[PDB]
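> Fold the stuff below for me.
(chains A and B, ligands or ions: 5)
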Amino acid sequence: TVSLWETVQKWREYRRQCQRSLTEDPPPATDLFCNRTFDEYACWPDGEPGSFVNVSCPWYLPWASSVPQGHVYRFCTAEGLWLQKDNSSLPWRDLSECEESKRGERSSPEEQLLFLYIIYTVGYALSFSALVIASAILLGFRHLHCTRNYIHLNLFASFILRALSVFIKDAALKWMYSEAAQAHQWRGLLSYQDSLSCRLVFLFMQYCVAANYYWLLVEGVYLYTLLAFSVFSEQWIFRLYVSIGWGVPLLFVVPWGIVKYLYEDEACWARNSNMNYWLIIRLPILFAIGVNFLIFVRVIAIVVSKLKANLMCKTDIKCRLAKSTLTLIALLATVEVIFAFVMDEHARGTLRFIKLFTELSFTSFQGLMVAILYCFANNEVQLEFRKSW
Amino acid sequence: XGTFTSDX
Ligand SMILES: *[C@@H]1O[C@H](CO)[C@@H](O[C@@H]2O[C@H](CO)[C@@H](O)[C@H](O)[C@H]2NC(C)=O)[C@H](O)[C@H]1NC(C)=O
Ligand SMILES: CCCCCCCCS[C@@H]1O[C@@H](CO)[C@@H](O)[C@@H](O)[C@H]1O
Ligand SMILES: CCCCCCCCS[C@@H]1O[C@H](CO)[C@@H](O)[C@H](O)[C@H]1O
Ligand SMILES: CCCCCCCCS[C@@H]1O[C@H](CO)[C@@H](O)[C@H](O)[C@H]1O
Ligand SMILES: *[C@@H]1O[C@H](CO)[C@@H](O)[C@@H](O)[C@H]1NC(C)=O
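Numbering: from 1, shown residues only, chains lettered A, B, ... in the order given. Ligands and ions are numbered 1, 2, ... in the order given. Okay, here it is:
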């Protein structure tokens, strides 16, 4: 399956070689001739007056190989002008042997990414719903208005905004492969590429993602403050957390958009080359991931030190649940993320597929895991729910 | 999301 971006790359190479032919082919035998031209769909050579000119359908089409016997043609008119209709104001061409271009299926993404799409979409759907319910529950009860509950409420808003931004991304990319945007000799998709809407949605996604990871970092730092300090921490730290979880991701996400116009503005900030520019966003995100993991492990050390004597059946339950969250996030997530600094520069393949599988399924279902963990499974929320019911 | 979009 030939992807859009790969089609653009091949087309650009077609244009390079094509312009080179335009420059190097010798001029025609006589000045009675219409001029060779590249019309962005084919390189037309000079034409004898009153004759047909043929070129193969341009090979950058994803399906050019299915109609190799087809050709596209122009007519060089007898007045030495290219034939054009008084109407279309643009020169006539016949693309019919290559018209399956409008309705063919060859320009599709790799099916494996479509396999991951249903998974992470379902995970952000259930996470979005349960986070909406749980956020309504913690927000709704005046007796539950804890400071830590407001922190978890901010984490819920971060996961929800993340699921929304990923939904708008899936709508945009789904439209990019739709038959309407993939018009015959598609141009409306290019007009969408020039739009601010093409890039602003993806930048908004980048902010929701970096804000989600930084909010997980605020969650880990808050747990370490409640446990290592054992203090009833105040509002100055809370004002700091509000500045951090929405502020820092803005702080390194804005430059990524500035560079995204200054270079790769033709990419609609979707596909990205120049790996350092992509490190501009992911590298701080890798920092938040690794630091949140290290605070996680340190909290595990604190619980290993402080509960050393007590063992009850509830400790057998919740302690095993801590083994579940460790084996899910500590044992696996940080391995793929810390190695990911090397895993996208190289080491692609089925290993890349397993990497996207574990990371996508993880962060997709982590919002549901946080909704059930910080709300529905909380004991005080259960007894308080049974107080009225 | 950001990485997956590329190959997509
Ligand atoms: C240019 O391409 C087309 C074939 O794709 C040729 O045009 C055909 O020529 C006949 C006359 O000999 C026309 O009546 C037909 O209408 C054309 N075919 C089609 C399908 O339109 C033409 O011969 C080619 N020119 C050269 C120099 O090879
Ligand atoms: C018919 C009788 C039914 C009675 C139900 C009582 C609930 C058991 S509390 C159990 O342990 C807690 C430890 O924190 C929490 O984890 C809870 O979510 C739950 O798992
Ligand atoms: C009735 C005939 C049905 C044929 C189905 C074809 C399945 C394609 S497999 C898939 O193709 C991709 C190519 O882009 C590769 O990248 C992947 O590694 C590979 O898993
Ligand atoms: C291990 C299975 C080998 C037989 C075929 C099925 C697996 C396909 S690998 C797949 O190929 C793509 C490019 O070709 C890459 O973009 C992906 O990252 C990678 O996951
Ligand atoms: C088109 O014709 C003009 C004659 O007016 C000639 O000067 C060239 O510009 C020619 N096009 C190219 C690419 O040489």
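> can you pull out the helices in the chain?
Reading this off chain A. Listed in chain order, the helices of chain A (DSSP state H) span A:4-24, A:100-103, A:111-140, A:147-176, A:188-194, A:196-228, A:235-262, A:275-306, A:313-325, A:334-343, A:350-371, A:379-388.
> ah, no, chain B please
Listed in chain order (using DSSP H), the helices of chain B are B:2-7.
> By proximity to ligand 3, which residue of it wins?
residue B:7 (9.5 Å; CB to the nearest ligand atom). In short, each C-beta sits where N, CA and C put it, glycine included.
> so that residue touches residue A:110, yeah?
Yes - here residue B:7 reaches residue A:110: they are 6.5 Å apart, a contact under CB atoms under 8 Å.
> More neighbours: which of those two?
More neighbours surround residue B:7 than the other of residue B:7 and residue A:110, with 16 against 13 (other CB atoms under 10 Å in any protein chain shown).
> Give me the phi and psi for the closest residue to residue A:64 other than its chain neighbours.
In space, not counting the residues next to it along the chain, residue A:64 is nearest to residue A:57; the distance is 5.6 Å by CB to CB, 6 or more residues apart in numbering or on different chains. For residue A:57, the backbone dihedrals are phi -50, psi 130 (criterion: degrees, to the nearest 10).
> which bits of chain A sit near ligand 3?
Taking CB under 6 Å from any ligand atom as the criterion, chain A approaches ligand 3 at residues A:1, A:110-112.
> For ligand 1, state which of the residues you listed is nearest.
Proximity of the residues of chain A next to ligand 3 to ligand 1 was ranked by CB to the nearest ligand atom; the top entry is residue A:1 with 28.5 Å.
> Need the distance between the two termini of stretch A:260-270.
Using CA to CA, to the nearest Å, one end of stretch A:260-270 lies 10 Å from the other.
> Could you see whether chain B lies near that stretch?
Yes - shown here: stretch A:260-270 in contact with chain B (CB under 8 Å from any CB of the partner chain) through residue A:270.
> How about stretch A:152-159?
No - Stretch A:152-159 stays out of contact with chain B when judged by CB under 8 Å from any CB, the minimum separation being 13.1 Å.
> contact partners of that stretch?
A:127-128, A:131, A:134-135, A:138-139, A:208, A:211-212, A:215-216, A:218-219, A:241-242, A:245, A:366-367, A:370-371, A:374-375 (CB atoms under 8 Å, 6 or more residues apart in numbering or on different chains).
> Name only those of these that count as buried.
Buried members of the contacts of stretch A:152-159, counted by 16 or more other CB atoms under 10 Å in any protein chain shown: A:127-128, A:131, A:134-135, A:138, A:208, A:211-212, A:215-216, A:218-219, A:241, A:245, A:366-367, A:370-371, A:374-375.
> I'd assumed residue A:207 was in contact with residue A:250.
Yes - with contact defined as CB under 8 Å, residue A:250 reaches residue A:207; the gap is 6.6 Å.
> These two: which has the busier surroundings?
Between residue A:250 and residue A:207, counted using other CB under 10 Å, the more crowded position is residue A:207 (20 against 12).
> so who does the spatially closest residue to that one that is not a sequence neighbour touch?
Beyond its immediate neighbours in the sequence, the residue positioned closest to residue A:207 (CB to CB, 6+ apart) is residue A:253, lying 5.0 Å away. Contact partners of residue A:253, counting by CB under 8 Å, 6+ apart, are A:203, A:206-207, A:210, A:281.
> Can you give me the neighbour number for residue A:276?
8.
> Would you check how far apart it and residue A:345 are?
With distances taken as CB to CB, to the nearest Å, residue A:276 is found 11 Å from residue A:345.
> which bits of the stretch 201-350 of chain A sit near ligand 4?
If contacts are counted using CB under 6 Å from any ligand atom, the residues of the stretch 201-350 of chain A sitting beside ligand 4 are A:348-350.
> Ligand 2: which of those residues is nearest?
When those are compared for distance to ligand 2, the smallest value, 38.5 Å, is given by residue A:350; criterion: CB to the nearest ligand atom.
> Which residue comes closest to the residue in the stretch 51-200 of chain A positioned nearest to ligand 2 once chain neighbours are left out?
Across the stretch 51-200 of chain A, no residue is closer to ligand 2 than residue A:134, which sits at 14.1 Å (CB to the nearest ligand atom). If the residues on either side of it in the chain are set aside, residue A:134 comes closest to residue A:375, at 3.6 Å by CB to CB, 6+ apart.
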